[PDB]
Amino acid sequence: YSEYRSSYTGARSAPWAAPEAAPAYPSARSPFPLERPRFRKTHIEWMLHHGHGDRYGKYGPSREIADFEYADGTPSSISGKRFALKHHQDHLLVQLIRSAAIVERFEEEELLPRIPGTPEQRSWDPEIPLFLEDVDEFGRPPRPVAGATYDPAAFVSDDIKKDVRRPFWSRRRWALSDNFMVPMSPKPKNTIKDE
Amino acid sequence: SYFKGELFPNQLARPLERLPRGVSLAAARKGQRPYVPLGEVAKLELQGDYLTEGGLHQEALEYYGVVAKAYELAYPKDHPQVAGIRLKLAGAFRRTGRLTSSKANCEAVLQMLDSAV
Amino acid sequence: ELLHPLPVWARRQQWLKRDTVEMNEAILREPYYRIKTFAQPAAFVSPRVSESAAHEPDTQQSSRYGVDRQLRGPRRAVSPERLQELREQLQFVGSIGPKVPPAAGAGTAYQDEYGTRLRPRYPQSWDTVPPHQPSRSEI
Amino acid sequence: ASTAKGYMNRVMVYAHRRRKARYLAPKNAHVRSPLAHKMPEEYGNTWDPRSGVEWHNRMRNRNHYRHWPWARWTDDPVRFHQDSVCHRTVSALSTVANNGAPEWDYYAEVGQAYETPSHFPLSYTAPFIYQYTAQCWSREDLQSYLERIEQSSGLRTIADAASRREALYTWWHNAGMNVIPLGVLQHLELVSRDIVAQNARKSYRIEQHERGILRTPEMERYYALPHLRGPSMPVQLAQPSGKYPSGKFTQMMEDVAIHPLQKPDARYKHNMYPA
Amino acid sequence: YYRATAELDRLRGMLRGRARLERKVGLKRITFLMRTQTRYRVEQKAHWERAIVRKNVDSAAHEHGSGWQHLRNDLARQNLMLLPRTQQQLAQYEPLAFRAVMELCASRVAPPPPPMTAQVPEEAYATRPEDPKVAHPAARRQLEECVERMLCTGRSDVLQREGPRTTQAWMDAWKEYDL
Amino acid sequence: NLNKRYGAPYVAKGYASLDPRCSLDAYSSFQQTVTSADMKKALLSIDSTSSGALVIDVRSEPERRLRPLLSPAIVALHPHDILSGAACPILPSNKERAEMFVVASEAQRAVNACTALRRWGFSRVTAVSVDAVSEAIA
Amino acid sequence: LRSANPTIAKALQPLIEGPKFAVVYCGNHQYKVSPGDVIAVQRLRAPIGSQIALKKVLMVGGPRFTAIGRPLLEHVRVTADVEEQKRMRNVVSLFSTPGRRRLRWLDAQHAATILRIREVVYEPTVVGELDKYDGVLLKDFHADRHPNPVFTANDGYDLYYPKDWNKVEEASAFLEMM
Amino acid sequence: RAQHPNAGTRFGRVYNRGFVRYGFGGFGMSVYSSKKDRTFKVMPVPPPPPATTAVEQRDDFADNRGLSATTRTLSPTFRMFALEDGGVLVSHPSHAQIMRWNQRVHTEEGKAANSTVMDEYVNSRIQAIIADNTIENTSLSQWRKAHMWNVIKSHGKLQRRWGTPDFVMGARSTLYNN
Amino acid sequence: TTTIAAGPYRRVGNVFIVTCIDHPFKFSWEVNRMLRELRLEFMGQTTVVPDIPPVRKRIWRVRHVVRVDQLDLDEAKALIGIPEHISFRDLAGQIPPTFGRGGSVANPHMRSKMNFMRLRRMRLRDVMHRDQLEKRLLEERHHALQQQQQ
Amino acid sequence: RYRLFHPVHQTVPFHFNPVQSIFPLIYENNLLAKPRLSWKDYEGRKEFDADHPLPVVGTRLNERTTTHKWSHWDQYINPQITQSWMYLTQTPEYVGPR
RNA sequence: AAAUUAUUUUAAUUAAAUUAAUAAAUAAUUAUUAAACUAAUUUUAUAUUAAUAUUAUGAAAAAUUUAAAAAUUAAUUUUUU
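Residue numbers (the authors' numbering), protein chains in the order written: chain BP, -45 to 101, 139 to 186; chain Aj, 113 to 144, 196 to 280; chain Af, 17 to 155; chain Ao, 10 to 284; chain K, 10 to 188; chain BA, 14 to 151; chain L, 2 to 179; chain Aa, 18 to 195; chain S, 243 to 392; chain G, 10 to 107.
What follows is the structure, given as structure tokens:
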């Protein structure tokens, strides 16, 4: 008979919500945490989301379940490629267990630094705050009573301004607007390092 | 990434060692299908081995019981495989001292092996 | 040669790139560890600060609710003293060294019953695949 | 994809050379470049470029630089790997005396972060002195030596044991000399002349950080703005705008809005008959 | 250099005029027309051939008001896992069953949940006072969850009872071998 | 042609969401005071049968040996385990209702550690008294 | 078939009987399988003339029903019989680049076993009626009533809506279950 | 000439299609630009039905709604049930119950004024499907018109070529190409 | 509950799951070197590296190539069903050290003489077995002979 | 789109390989380690039941072999088989002419 | 200069310097045969060598640098079974 396991232990989480209650649909917005582009899960993020790999027949219930079985029930045999999958599965666990048997060691000898980020990285990114302790970051503390605030927003104006046409429909405003740099005609990409 | 197993002559389908035709067990020893989900018990009978190999013998006894029940339903009398599980089952009692049934369940695999062909 | 312009879809799917890297280096500046308490839940919600656009809340039809089912749930090893109450029960079956057999009730060891080289006759099948060639694990 | 018969026979559609081991370093050999023979972090060292063939022959263990660092670590020309603490002593009871002598500074050349301010008691330089004198005295033994010093002598603080090295020894000679092995003392003197040193280098490092020198934890200079004490945008210091201040109202070029009742300056068109 | 002539020498029988008569022009033709097939076939036939199958299911999803743009993504939503080569067999030879897949995706039915990773049976957190005769609470936990699933698969003779079969005695089928 | 696909909180974003303002307010709390009653209220938070230590001391490990304050089981955190964010897994849930405190050797580190907290979304902490919590032995 | 509602199994039973096609998944390929239908699957290490049940089954449809098994269907039996265990037509890859002097006549015989199915049965278990357009299991099921009654999508508010011949835009879904 | 392996493409140089485009750098080889891609691009989506639900039927990237909004016609007949495995059992009206329905809609389509000489033709082909399943599709016609000839060459061994031993059947079975 | 939680504080590391999203053959010889030290060459390969410091640089240099994911260790002890009490420095203390592709010795020869002797200590394991049968029979044949004269 | 944002935590799904695979008794606390060490160690196909013998469908490693000539060991054991001078093949180190 | 005869294989790569009444010679590369596990880390990852064989002087797209160049030149990562 056919079989559907989906996991080593079976016991699928109930697929149906309730005898009549709301059905609890899954999150269908792609986890790209900016919120502005608002993407959708694209088949492959909806195949990963269901516990395959990025392809149909990788890691999934389409690869664990037997190809067939003798109709009386006597199961298949260990395909020479199957065993090499079980070794590949175990090679991920051991890749995880070892790679935590090292960490569970480092925290034991305090070897994990308290400052997050390697020395070269921390020089590269200015969001990891400097890890000075007994000084202030920007030199002297605000000795002056602050009540001392600069708001970028007052003076720093980033406005996408429409480059206004020189109004030809009115005569005088066409003549003032005549910014005497229309002699941009000297823009030939001329030889900038020779003559 | 997954590397498919290599082919190599150490992977042949060797034949299971059959005692020759014109010979039965006791001739030397006294000289001295229905659908049964065997895919589900093969995984179970294995989980018994890991328990009798680890040292939870009593807990592996209760698994081999189940396998000794599904095996005698699928295979007919006298079958070899039904003689294989009531053999390890007999080796499961002896860890837990129940030698009254261990030897008895193990003396019956002989009377289940000799009567074969 | 670079003649006609990069198609727009490519530039857009390359703005997703720098916003992938801008999401890696957010991971590569996390603290190397997390000071945690035994008594408290494992991760009651306790994620990183990844609540910028939080998703999959539904507790089912959510990818993570095989894991945070157990994290948010009450932690059983609730104290370092409770740990030894739990860590003193596990054995190591195969590790190198000596042991004390009668520590159990009445168990009689296995490796000193079928010898060291012989393995139980595992039923080889598709679903059940036992370790093959056991005489290669002796280094 | 396009996998074709074997590990390293992947995509096989791009025209790169598979089986080429991109991870391995280039054999720069004779070519002259700063990028020669250097692990990528050492690229900034353009004052010792490692080009040339002999650097190819000796980074790799080529012809006769076959064991290249002809004197690597694990040889000492001086003391030949035997600890210089005399065990041949007059009285066997006093053989344990010489244990714990300083073979070099042990404290300054390493540069540990002794966070002990120079006014702590002596009993708080024991965790440092120990890490160089285990195999000589149990840690809890030092706290019997580094307390009898505080009790018996007139010295209490790390700053004292750095300013009274003469007054301390003379105490030890005439009062100690039976329990406290002078190994501790010259160790105690080697840390107290460091904890005092570093606090001078820290207290200075904090006192420039106000004067505006601003160097990072790894001590590289980082330039950063001072804290505000007054108005952010300058008012009596503002540079003139820089574009000819013909206002929007002297030549009403654009951006000017006026009520229609209050239209100005039509002295010949429609202000001659004002309303 | 070996031109596999005796592998082509008898196959010029299906080339055209000049190639069949002469040999050094017959081979040269086929050992090229063969050399381009097995190059067309590896790198080019699929991404053409698998576009007829996509153009089929699309215009067969198109009949039902949906596109391939929407069907290809509304299948993987429902974890449905039908390769396009199959949807093309259903688009043609089983139209109703295909539209069933169509009307399923358009429906607002909750797609199946992702599979739960393995869980920790809570008996691991109790310390069995080791008595020889009583099983560990985590084994008789695993067993019951493996026997209830063996009675789950296929109509069999195994303690054949209506619906759910007999278990609390199936777990203790070792005593039936006991004396 | 960004800011059409992404928002304005793109390119015009000072991704330095760390400390444009909090550091100032850190030096504000530094100014006012902390004293007995300011610990006595915390004493009631120790009097609360629910024992989660209120104040924390960011002081070097040799310092605390000299004046041990660990008596009420208060938390001893290295000032980087705070700065780096390794301490958030032990920090109150009510970011707007909780006010722990921060003891430190010299009051520059305290405010320099409490600003790290207010960078982690915390609202009230008056951020120092090395000597009061000893005069308020509890 | 089985069900929890005694009135479902009365209306749904007459649907399952009849010849059923199943969409098996054998050797990483999918097939549409009828009972007396013959498929050529990639070689399964099985003897010739021995019965075989195919485990992975993504779909089973008959003349009137079709069980769209999400990822896989359980309780369905698609058993088969191995007839031939052979190398199908051999397609030669002639590999040689025009630069080097070297040929490689790689004959890729494709070992493929050729199954003839016998038994395609289906033992489902229906929980309850499910309303397509807002997925919630319904309490009661009535053979005659359509759970999702449907309505003409021509509001009249637009001029450039394509009005097909006025026979198809005015149509009903004939009630079949009774 | 410096003939050294590793100095260029190992043996000569070849221009396979994975090179003529995606050359070193991916921007393509100077000459041999590439063939134009003459595949069959899928067509763009139809418009969804008007809303008239107020359930936010307009929202595209939402969790509830599958992308496709296809509430077409005698979809209410496709009333689906929830299985046990998590599957679905879609009960639809059989291929005969539809063509027999289609006849009814069509026979009352052209009869209002005058059933054309083609309208009489269609109802015949429709009434020919219920009775005989007179199939009209290429996929079977393309198959049957050939499969017969291919199998009759077998029953009557019209080979003319009996040797064909998978070396001579090597070119063939690949000079054909499906 | 408005209180810094009070209790004996355990610290838990992190475990990065790294994948490869850009092809390696476009990048340098150093960037390929980092990917090699993360057990990553082909696109789509995936490994589970720890969050120890010198890994943090390797991953950093190749941030534009990989797609990382971090797991606190408790969020790993549940990704694989693991009892909370069992640490990982006892789980690994059970797997043999000769897992698939045991070592990474300095060149494919030293690899091929690390696998050779591994296939020798198998030969010797049966040969130290076959004489240990003889050395016990020989020490008995001596005692049977010795005690024969008494 | 091809820049997929997902938890790469998804691409190595542990739904089928949890530690109850490699450590089969861990909920039993005895913590036994029964892994599959390498694709190399694969012993081979083995009949789960004797009644369903694995078929003989040969491969390019069986159906394409040659008759066993007698090696210098098979002629050292049983000199009853060196029956003609075509059995006195050269030293094994001499592979053949250039 | 033109050629140099035997398919289905089973470990990778380039280099660019001393000199030349201007290329049979040298490095470096490649090759044939062979080698030994020196702190540095994860429980990561590593083609390093010896011995011989060797009729070679010029590196796409970039990044720049000489030059009326009007490309050559330096450059250095590519370089498809």
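The C-beta atom is built at its ideal place from N, Cα and C for all residues, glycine as well.
For residue j and residue i, the rounded distance between their alpha carbons
{"i": "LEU66(BP)", "j": "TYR49(Af)", "result": "8 Å"}
{"i": "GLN98(K)", "j": "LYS33(L)", "result": "7 Å"}
{"i": "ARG126(Aj)", "j": "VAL21(G)", "result": "36 Å"}
{"i": "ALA178(K)", "j": "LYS232(Aj)", "result": "11 Å"}
{"i": "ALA113(Aa)", "j": "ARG34(Af)", "result": "57 Å"}
{"i": "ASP277(Aj)", "j": "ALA138(Aj)", "result": "6 Å"}
{"i": "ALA70(Af)", "j": "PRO(-13)(BP)", "result": "8 Å"}
Cutoff 8 Å: residue i Cβ touching any chain G Cβ
{"i": "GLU112(K)", "result": "no"}
{"i": "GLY7(BP)", "result": "yes"}
Closer than 8 Å to chain BA by CB, residue i
{"i": "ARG50(Af)", "result": "yes"}
{"i": "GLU219(Ao)", "result": "no"}
Beta-carbon proximity list for residue i, same chain, < 6 Å, skipping 5 on both sides
{"i": "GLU84(L)", "result": "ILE115 and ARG117"}
{"i": "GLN43(L)", "result": "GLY28 and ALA113"}
{"i": "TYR96(G)", "result": "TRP79"}
Own chain, CB closer than 7 Å to residue i, minus 5 neighbours either side, in chain order
{"i": "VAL66(K)", "result": "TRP77, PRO93, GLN96, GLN97 and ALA100"}
Whether residue i touches residue j by CB criterion (8 Å)
{"i": "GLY5(BP)", "j": "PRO123(K)", "result": "yes"}
{"i": "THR181(Aa)", "j": "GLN46(K)", "result": "no"}
{"i": "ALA126(BA)", "j": "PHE43(BA)", "result": "no"}
{"i": "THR126(K)", "j": "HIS24(G)", "result": "yes"}
{"i": "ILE87(BA)", "j": "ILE69(BA)", "result": "yes"}
{"i": "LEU188(K)", "j": "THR263(Aj)", "result": "yes"}
{"i": "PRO139(Af)", "j": "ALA255(Aj)", "result": "no"}
{"i": "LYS140(L)", "j": "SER116(K)", "result": "no"}
{"i": "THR67(L)", "j": "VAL107(Aa)", "result": "yes"}
{"i": "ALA318(S)", "j": "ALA66(BA)", "result": "no"}
Residue i versus the options, residue with shortest Cα-Cα distance
{"i": "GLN86(Af)", "options": "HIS71(Af), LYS52(Af), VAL37(Af) and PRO57(Af)", "result": "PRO57(Af)"}
{"i": "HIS236(Ao)", "options": "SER33(BP), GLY93(BP) and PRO(-31)(BP)", "result": "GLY93(BP)"}
{"i": "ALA99(Aa)", "options": "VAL169(L), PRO7(L), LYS164(L) and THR126(L)", "result": "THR126(L)"}
{"i": "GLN287(S)", "options": "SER354(S), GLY345(S), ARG300(S) and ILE259(S)", "result": "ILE259(S)"}
Short CB-CB distance (under 8 Å) between residue i and chain S
{"i": "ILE150(BA)", "result": "no"}
Contact with chain Aj by residue i, beta-carbon distance below 8 Å
{"i": "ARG54(G)", "result": "yes"}
Neighbourhood of residue i by C-beta distance below 8 Å, restricted to the same chain and skipping five residues each side
{"i": "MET285(S)", "result": "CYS262, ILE263, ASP264, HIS265 and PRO266"}
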